[PDB]
Ligand code: HDD
Ligand code: HDD
């Protein structure tokens, strides 16, 4: 199981810490020369959190599919939806 | 005599703020800072003042400015053993750097418990709050070589050697609470993916390249630590202002033989703090030794790194 | 299958401009490029497509995702040999880096002489203009580790391995014509002084620290190379745009036995070009791999690094004809006194396949000479000859380092030497000694002769006592630093002042700064006061009155010492940033690129995000990088076409892009409404030299921009840069 | 300084008997003997004839007799790079020797199975009777260094590297079917006890010392292999005339996934034969290289060493059916309980070219298995799997030891491992990790299956707690030593008694000797008494009442444990001394040599000086060695033809030659007047079994001698040798 | 350098001098001595140039080679006097 901890981490960050995460992914993936790799990473982010995946995608000039827009979020961690 | 008359070549042996004095070897800066491990190193410390310059065999050198030659414009002679020993030693100075965490900065210190933990572990170093355990701690990045920059976006290592009365315990942690991968058999694959790519050995100290993201995209188990590295966690302000973690579940074992599962943490008493990306990247150019410098200088100033 | 269906994971096996494809191992990028050395490496090259994954023993691996454990949540078992072999190899990947020049970037190529040099040397590789000699070349910095940054202020190394028919010749040089010290015995002292200081191992890739300047202040022989290092020579734009020198006087030996003194040169056919300090320092942060990248990408693009080998030749009878000693490696031979004679051309046209195996493991050593060359008594060269064989015993694991594929001669090699760690060759000779009868004394000694002869040293007369003494002829320290200084343009002089000033500010112990200022007062008073002033130091009356050193054999200057005095610019292979907006005027872009293409200048199309933008006429424009992602530091010029300028006009990054580029003296070109960006760099309404501007990008907008690029940087802009917060 | 005009410096490239020609590198001696591994080494074999002597960089050397000096009586100059390369290489020739089995002798050869074993194993190398697998085999002692003697009392190693189509398999065995200890954790304790003692590094090549016997007395698990070591198995006649054993139980895995337990055996087709102790000990002085020499010469002669591979196979369901644990390496599986099934033949038919390159640098490791084989939990094997990969990192200088030519697979190998010291392979794969998309994931994992599949471990059930505990089933130490004892012939028993008595007499601390005799009293009271008597020890009543251990699964003996109880004589490749006189009766020599040649038995012609003697008919006889120069220790039998016996009759060395041969139980044949020598060895006129005599050396005379040689030694003479002063 | 694993073989106990030894040499495999000198080069001012060179003299002086006269050409040649 690969997405619920990334998600718990994401949701525990402040809104500026989330912006910096989006920025880090966007900058990083801009430096990836093979565009399919950037897309496959965006696919992964859509399994973690749609808002994150969309904000990174916008910066890369990628458009989420319907499918990607419909991936169910992973479950909470033992009933936690954040830990400060 | 080459030193300045006024003695301004020598830093004072008292705590001083960053930039107030030239930095110095620790036993010269802080000679009365002691612990059992620093004292035990006294057998191998070598001084220099007032001693004659010698070969490694103890022979006093008269002229350390010239090779032996036939005529003062002549060829160098094979019998110049002084030159060949000095150049042999130089020629062999380097040893292989660490495979990972080759870039790192280290200091001596001590650990003391807040109370006896004997109800949950028989580890002698945790048995009594009056038990003082010398430590040596090395903080590090992961990917770059030993000559790489400090303020990269990367995971940091946080390794502590506890010189206990019942053996060395090394607690070899990082600054995030998980790792990228599940099973050791994949570590050379992950590490090769993050390291400089094999055709042209670029990039140094950077995860921003195709092979890293190729591996991530194919191995979703990475995504959790990749989140941490993409956050400002990946660019600490200082080794003094980041957390540490053992990452693995280990066991404590008490005198009864009862096992408790444990995960280890270090909590920075200076608080948590990170750079922003533009500042960190630019800082690898303006001062690639920023973290190493600031650790050394905090200690010199008496801003001792403290962790719980 | 993990590769995408459209094959976009695989770079095109053909010349492509930087950024156009991912980079690749050289035998995959350019399979059709060949030479004798590359062909002889074929027996060790290993592929991968269509092969099973195995152990190193050749056993196929079924599951390379997991360790062997007792239960799927159980302990790992010691019998897991596949895990332990893979982790063992990983655990022992590293070898010691080079003691000095640990940071370097290398390519394959070839060399050819323009004509036979048999009247002056019997060296076979110089005997026939049709004889092509493969080479392997490694360029390097000196101080930093293998993982240090490229665009530091430092000396550069320029080392060439010539795989000749009569042996390996290694020409192991630097990019300045002298070195810092006179006698090898002082190398560990000098190198420890420049290296990170021993208590805390700071600073990396930097000469701006106390112990370096302490050494220099106490050892004035150093000042000549220090002048070079403080000039913009210390910060080359590219390995392709710097000079190379052997530094030492060597000898050529012809078939008659006549010795001619020689110093070796490489002339960059792409010309001489350096960064400016702020640019270079910031670039170590934005792309610490910039030179390695630039070299690899030029080769992938077909912008092959080219250099002309040249010789300064002095007859034996002229040994004493100069004001300096020819054996003193802190002295240069001015080209005005002994011209460089052109010898041949070297072209670097293939990257390695594996950086570790070919680059990291290459071993160059100036004692690797061939019949037709010989040494002199230069006492720095003399000690080098010991070091380079010695250091290889630990760095490369033992005495068989010449069996590592990259180091192997392509010519025959046979002898009575045996064993040693990781011995490859399996000798069948019944004998391992000579003289022997049991193999009829083979392999046999070979007398010297005009071609294909044994090596014999030139029988130079030696006379004197066994002494540790410096020649008194070497004890002059200031006249060559003076000639260098006076040979520099006023802007190059300003950059020298600024180099010493910035470096000495980083020296914590003020007396060291004062002592270096006093040394500078012995070289040139103007230089010395301008540095003093920047340091808040006032020269004494005594310092004010030091007589300057004498000129060198009547020379008041030599313009061959300047990077820029005599223009020799070449735009081929340089790169332009093109700042896009959301509706670019397509006729601007078409004209820009057509003109860039005709001169072999590259482009990168930058915007505020990745993806694409669409032009006024509907053309889709692919974006290479963001403004922040590919900074102006990495390009030679910036061009901004018209269109929807309002899109980017209050973009902080796009504005800062033009400011950084302006500060660093780069040509900037602005078309139509992009002219609005004049306000950000404070250009007057009527403009200024070095900013190209027009209603559109013609004919003649691009000729003016390309003319600025041929001149590299806009030196006349310098007094204007202090105004701008960038 | 050259070869004799006659060509007599060069061995004929034809099979020749020992001594007929100087020995030579295998590729020169037998150039038409080939196999896939020998051929694959051609990229690294280096010739010599007609080539110029060079530096390692390929520069021709003119004068290899002198250093470069300032005047011909002057100091050596540092610029002499030829001297320093040659001396640097020499200075770094040595590598660390193997921790154990440092002394060893190796050859190339081939293996093939008699029939497909696909019903019991999917290992490719056992799948087809006409698919030949190259091998390299190294035989060795255990304790002594690489320059110790061959014919010591010790265990021998028998390691075979099989270069299969599906990977290297190394069967790393010894010449006895058990080892001294149970768990790998004790290997350093045991090895340190057997090796030279740490204060003074004595004794070399010998277990006859206090620390060894201290360990043995305190660890009765050792007694079994100690019994084999004290028997004449400890002193083989040749590596050709000993058994090999893998020792551990391993697994065979077939295509259906069925596991059969298996113990590996090698059967010597030349038969089992050992020295006697006095002979073995004196031979370590007379020729410390006797086994290395005899192997090399047998291969040069065409007497190729042949061994039959055999398996003991035990179904999984029968794991617990014996009275010993199958996973206990101190226990053997008697052949009376589990027969050896014949599997295939290995022939060694070519010597190496260079001992260091091919023998010293070979790396064998029992974890190098292939699909169709697997491990068991034998706790000695389990720790071996860690040790052999680990030790090679220092011994061979790093993790690229499989690229050293002798160690290379001849099948494909490809993976993502990179770098390491002296890396030869240049990988072109864009990817150095998997999973990867950039190279479409090549090289790829391969599912397990019937042939050509990936390796998957047999899914053995593991159930237990993490413990450092010896299995209680391993805690029995006497019953196998006893089975071994009772299975020896009376003379083999005497020689065991003599081996213990001699050994313990060298233990300085008498209590250790006492404690060892107490152990023996738990094995067999007759053994213990016979050893005690030689030590002047008297067994207590309690010792006299120790109950003998149980029979092994009802066995009171197993004759397959004795070297000699069942005749398996083979005289081909054995060697006879022929003692010449100055007027040999040529008719005798003719008949001797004809009959020896018919059975492939070699001869050495011996005299009181070197050169030639001339026989009665004019035949010029060249002399191979003097009586003293090639002692009776080095031959299997002695023949003295008639002639001028007066010439040698009172020669001390000729007489002593027969005394030493007689003492060591070798057959002796005396023709004509040679019968006068019967007096030196006290033989009655009626003659004695073991002494062949007649008026001339005819058909019948040689048949009798040949029959005696087929029985190896004359055991019946033992009572008669205590008399003679030799 | 290979036999004993690097340039610090003088630090293996049996090989150690019993008199003082100080210099500017540093690092190498298996390095035992922990130098506290601020300087690892000479000439230095930062440690007042210690440890210092020592002129030759009658006792406790620096090593200086005897100034033998050398005269000849650079040759790889055996002296006829050895023949
Ligand atoms: C006595 C010691 C010594 C001295 C006086 C010098 N060097 Fe050096 N240099 C070395 C000892 C050394 C070395 C230790 O042997 C290196 C490091 C590792 C190696 O293989 O060679 C080396 C590396 C090295 C390299 C990198 C070779 C490569 O790419 O692997 C270059 C270009 C030079 N040197 C050039 C010079 C020049 C042009 C000098 C002065 C004219 C000079 N060095 C003085
Ligand atoms: C864990 C320690 C350990 C243990 C318990 C053993 N060995 Fe071993 N053996 C080694 C550790 C080792 C080694 C240290 O790894 C050697 C020496 C250098 C090398 O390459 O391997 C070695 C060498 C070695 C050689 C020489 C191969 C050659 O010629 O290079 C043979 C034949 C054996 N062993 C056989 C055995 C047998 C039949 C054992 C038990 C039944 C055994 N060893 C137990």
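Residue numbering for chain D follows Swiss-Prot; the residues present correspond to positions 28-753, in that order.
Recorded method for this deposit: X-ray crystallography, 1.7 Å.
In case you wondered, yes, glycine gets a Cβ from its N, Cα and C as well.
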Stated Swiss-Prot location of region 'Disordered', expressed as one of D:389-423, D:424-458, D:459-493: D:459-493
Residue D:128 (active site): tally of other CB atoms within 10 A of its CB: 23
Inter-residue Cα distance where the pair is residue D:415 (heme binding site) and residue D:201 (active site), in Å: 15
Residue D:128 (active site) in three-state DSSP notation: coil
Integer Å distance between the CA atoms belonging to residue D:128 (active site) and residue D:415 (heme binding site): 12
Fewest-neighbour residue among recorded positions, criterion Cβ within 10 Å, set D:201, D:415: D:415
Counts of helix, strand and coil residues, the region 'Disordered' (D:459-493), according to DSSP: 0 helix, 2 strand, 33 coil
